[PDB]
Amino acid sequence: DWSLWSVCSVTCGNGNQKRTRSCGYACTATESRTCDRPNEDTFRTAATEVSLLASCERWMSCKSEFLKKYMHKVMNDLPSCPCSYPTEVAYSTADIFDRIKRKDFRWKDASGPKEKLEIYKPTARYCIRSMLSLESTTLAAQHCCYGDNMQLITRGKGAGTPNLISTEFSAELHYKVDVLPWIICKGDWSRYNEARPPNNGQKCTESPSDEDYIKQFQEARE
Amino acid sequence: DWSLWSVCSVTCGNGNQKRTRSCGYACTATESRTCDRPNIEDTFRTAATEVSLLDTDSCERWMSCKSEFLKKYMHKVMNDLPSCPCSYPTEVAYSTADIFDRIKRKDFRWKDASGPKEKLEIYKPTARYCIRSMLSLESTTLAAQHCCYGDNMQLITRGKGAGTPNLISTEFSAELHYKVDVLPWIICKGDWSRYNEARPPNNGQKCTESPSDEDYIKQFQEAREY
Ligand SMILES: *[C@@H]1O[C@H](CO)[C@@H](O)[C@H](O)[C@@H]1O
Ligand SMILES: *[C@H]1O[C@H](CO)[C@@H](O)[C@H](O)[C@@H]1O
Ligand SMILES: *[C@H]1O[C@H](CO)[C@@H](O)[C@H](O)[C@@H]1O
Ligand SMILES: *[C@H]1O[C@H](CO)[C@@H](O)[C@H](O)[C@@H]1O
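Bringing the pairing of strand β4 (residues 103-109) of chain A into the picture now. Residues and elements named next belong to chain A. Summarising the sheet, strand β3 (residues 94-98) and β4 pair through five bridges and their orientation is antiparallel. For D95, the partnering residue across the bridge sits in β4 and is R106. In textbook terms, the turn of a hairpin is the stretch between consecutive antiparallel strands, and for β3 and β4 this stretch comprises four residues, one of which, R102, has a positive phi near 40°. Note that β4 and strand β5 (residues 126-130) share three bridges and pair antiparallel. Pairing of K108 across the sheet is with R129, part of β5.

Structure representation (structure tokens):
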């Protein structure tokens, strides 16, 4: 039978709410929905540490003090990736608590058509994206992509590469900062992923496997 | 309609398959199923030696079981197990770390029990983090100390989100642990006060009681409705 609907996860904002239908033997049905409660963030937060606080080879050899410092702090703020696909993000928009950054972070499903998974992350099956917090230190957004078994793909052509600019701030600025260099360097993930390092904060098992990672490398260098 | 079954989560081990399904607006329905593949080292060794060498309500009947095995085993469980730490061991957020029990004067290994498969939202709705003790090579039982903590990282001694010891750990079996340490708790409709008197939370280090007297009482009238 059914079970309880949980609590609306937040009062001072907008949250999520989950139920455990919990079916029969060796099976467990759950179900999640987002809930609403009342109460100049995207364009007036990073501007405080920027506006006043101030070919493929030439790109990934750029030692800009702005770009370097920003990227450092990006990895010193962004949450980890989930070790598994948060199923409750398929049709809803889910909330995950990063145990390392000790905070709640909001995630939208980035497996849509405008993502074009067959193009950018051709190993993956699903992708998810961090969302600009109300107290976001940056305009960034953790990207994470998963496989057919729903586990995180750590290294390679389809992996969670942090995006300097999120689609919430701008889908075109993101595309021309976090994708335009990736298409310049002909899909060479090994050339891209060293400048834009994927993230495995919760330290999940490495994938694709050692042998299969290498076959990818020798194909991606041609 | 529904969606895919998805692939077994692991081949070199034992995993699951999860299925999503069209829900309502801003909802997401899902369901999980178990999957088995061959490769439980010391689980079926030290325990098996300790096992063989030893107008009516269902929840009442469970809490009315005078099994000499159950009572004897439980006594030695609350003697093998370590005390709960007063605070949250930060370094465990990944998965695992080793801390030292002052009472037992020994090291014990702990795993982070704060995942989504846990659903802290439901089973320990006060708590923010949870951790469980791990089956030591010299463990006398299949049990495991559960301890759940709060926003301020401190142990929640009483109430709906508390460290209720598990007679059977996930390491030995996830299904037998469910059907011994969770199934009666589901039976006794989320009644922590009914459950916890028979499966008593532990505060061996005698940290400050939490939640406070004021809020603990607020929990009384609420939690015995749902
Ligand atoms: C789900 O919730 C309960 C079952 O536990 C009932 O009110 C009803 O069957 C509903 O479908
Ligand atoms: C969830 O389910 C129904 C609403 O659809 C109610 O019984 C109650 O709100 C519960 O929390
Ligand atoms: C459930 O419904 C049908 C299968 O009977 C399909 O549209 C699809 O496979 C979905 O999972
Ligand atoms: C089960 O669900 C459908 C088959 O109807 C597919 O998504 C897949 O083969 C899965 O195992």
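Our focus in this paragraph is the packing of aromatic side chains. Across all of its chains, the model carries 17 aromatic pairs over all chains by this definition. Measuring from ring centre to ring centre gives 4.5 Å for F44 of chain B and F172 of chain B, while their planes differ by 40°; the resulting arrangement is tilted. Taking the relative accessible area as the measure of exposure, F44 of chain B reaches 54% and is therefore exposed. On the basis of relative accessibility, which here comes to 15%, the residue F172 of chain B falls in the buried class. Ring centres of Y88 of chain B and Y149 of chain B lie 6.2 Å apart, and the angle between their planes is 50°; this geometry places the pair in the tilted category. In this pair, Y88 of chain B is assigned in the loop between α3 (68-80) and β3 (97-101) and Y149 of chain B in strand β6 (residues 146-149), connecting sequence segments 61 residues apart. Exposure remark for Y88 of chain B: the relative accessible area of 4% places this residue in the buried category. An aromatic cluster is defined as three or more aromatic residues linked by ring pairs; in this entry it consists of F97 of chain A together with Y88, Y129 and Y149 of chain B. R33 of chain A extends its terminal NZ or CZ atom over the ring of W5 of chain A, reaching a point 3.2 Å from the ring centre. Sitting over the face of the ring of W2 of chain B, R21 of chain B holds its NZ or CZ atom 3.9 Å from the ring centroid.

On to the site of ligand 3, then. Residue and element names in this part refer to chain B. Near ligand 3 you find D1, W2, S3 and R19, and these make up its full shell. Interatomic distance of 2.7 Å between a side-chain N/O atom of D1 and an oxygen atom of ligand 3. Between ligand 3 and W2, the relevant distance is 2.5 Å, taken from an oxygen atom to a side-chain nitrogen or oxygen of the residue. For ligand 3, the accessible surface in isolation is 300 Å², of which the surrounding protein chains cover 41%. Considering only residue class, the shell around ligand 3 consists of one nonpolar, one polar and two charged.

Residues and elements named next belong to chain B. Mapped onto the elements of the fold, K124 is located in the loop between α4 (120-123) and β5 (129-133). One buried charged residue, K124, remains without a salt bridge, the closest side chain of opposite sign being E118 at 9.2 Å. From its side chain, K124 meets the backbone oxygen of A162 in a polar contact 2.4 Å long. Contact partners of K124, with chain neighbours within four places excluded, come to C130, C148, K160, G161, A162 and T164.

The next subject is the domain arrangement of chain B. Entries for chain B in the domain assignment read domain 1 (1-39) and domain 2 (43-223). For domain 1 of chain B versus domain 2 of chain B, the separation of C-alpha centres amounts to 27 Å.

This paragraph deals with the UniProt feature "disulfide bond" in chain B. Residue and element names in this part refer to chain B. Formation of the UniProt disulfide linking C8 with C35 is confirmed by an inter-sulfur distance of 2.0 Å, under the 2.5 Å limit. Here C35 lies in strand β2 (residues 27-35) and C8 lies in the segment before β1 (15-21), a separation of 27 residues in the sequence. An identical accessibility class is assigned to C8 and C35; each is buried. Formation of the UniProt disulfide linking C23 with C27 is confirmed by an inter-sulfur distance of 2.0 Å, under the 2.5 Å limit. Accessibility expressed as a relative area gives 32% for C23, which makes it partly exposed.

Here we take up the nonpolar core. A general feature of soluble globular proteins is that nonpolar side chains tend to end up buried together. Of all hydrophobic cores here, the largest spans 13 residues; its most connected members are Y85, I128, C144, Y146 and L152 of chain A. Setting aside residues no more than four positions away along its own chain, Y146 of chain A makes contact with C81, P82, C83, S84, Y85, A124, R125, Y126, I128, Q151, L152 and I153 of chain A.

Here we take up the interface of chain B and chain A. Between chain B and chain A, the residue contacts involve 37 residues of the former and 36 residues of the latter. Interface area, chain B with chain A, both sides summed: about 2900 Å², of which 55% is carbon and sulfur. Area buried by chain B at its contact with chain A is led by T28, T30 and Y94 of chain B, which between them contribute 19% of it. Linking chain B with chain A are two salt bridges. Here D104 of chain A ties to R128 of chain B by a salt bridge, and the two come within 3.0 Å at their closest N and O atoms. Residue assignment for the side of chain B that touches chain A shows that the elements contributing at least two residues are β1, β2, α4 and α5 (174-181) of chain B.

Residue and element names in this part refer to chain A. Applying the stated criterion to the full structure yields 12 disulfides over all chains. Across a sulfur-sulfur distance of 2.0 Å, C23 and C27 are joined as a disulfide pair. Paired through a disulfide, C127 and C145 show a sulfur-sulfur distance of 2.0 Å. Residues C127 and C145 share a disulfide whose torsion about the S-S bond is about 110°; that sign makes it right-handed. Taken together, the residues span a long stretch of sequence, with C127 in strand β5 and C145 in strand β6 (residues 143-146) at a distance of 18 residues. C127 sits in the buried class, given a relative accessible area of 3%. Numbered by order of appearance in the sequence, the disulfide-linked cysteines of chain B pair as 1-4, 2-3, 5-11, 6-9, 7-12, 8-10.

Here we take up the UniProt feature "disulfide bond" in chain A. Residues and elements named next belong to chain A. With its sulfur atoms 2.0 Å apart, the listed UniProt disulfide between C8 and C35 is closed in this model. One end of the pair, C8, is in the segment before β1 (15-19); the other, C35, is in strand β2 (residues 27-35), and 27 residues separate them in sequence. A relative accessible area of 11% means that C35 is categorised as buried. With 2.0 Å between their sulfur atoms, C23 and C27 do form the disulfide that UniProt assigns to them.

Let's shift gears to the sheet that holds strand β4 (residues 106-112) of chain B. Residues and elements named next belong to chain B. Pairing in this open sheet of four strands is antiparallel, and the strands run β3-β4-β5-β6 from one edge to the other. Every interior strand has two partners, whereas the edge strands, β3 and β6, have only one. Taken pair by pair, the neighbouring strands of this sheet meet at an average axis angle of 35°, ignoring direction. Bridge analysis of β3 against β4 gives five bridges, and the strand direction is antiparallel. Of the residues in β4, the one forming a bridge with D101 is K106.

Scoring rules and cut-offs
Residues numbered from 1 in each chain as written, not as in the entry; some residues may be left out. Chains lettered and ligands numbered in written order. Heavy atoms only, no water. Pairing = 2+ DSSP bridges. Helix = DSSP H or I, 4+ residues; strand = E, 2+ residues; numbered from the N terminus. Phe/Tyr/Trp six-rings, centres within 6.5 Å; stacked < 30°, edge-to-face > 60°. Buried < 20%, exposed > 50% of the residue type's maximum accessible area, 1.4 Å probe, protein only. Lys NZ or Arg CZ within 6 Å of the ring centre and 35° of its normal. Near = heavy atom within 4 Å. Polar contact = N/O pair within 3.5 Å; in protein donor to acceptor, adjacent residues only side chain to side chain. Areas by Shrake-Rupley, 256 points an atom, 1.4 Å probe, with all protein chains shown as cover. Nonpolar A, V, L, I, M, F, W, Y, C, P; charged D, E, K, R; others polar. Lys, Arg positive; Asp, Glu negative; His and termini not counted. Salt bridge = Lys/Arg side-chain N within 4 Å of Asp/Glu carboxyl O. Contact = heavy atoms within 4.5 Å. Domains from an automatic or database assignment. Disulfide = S-S within 2.5 Å. UniProt positions renumbered as here; feature names shortened; annotations may be inferred. Core = buried A, V, L, I, M, F, W, Y, C linked by side-chain atoms within 4.5 Å. Buried area = accessible area lost by both parts, 1.4 Å probe. Axes fitted to C-alpha atoms, helices over the stretch in contact; angles between N-to-C directions.

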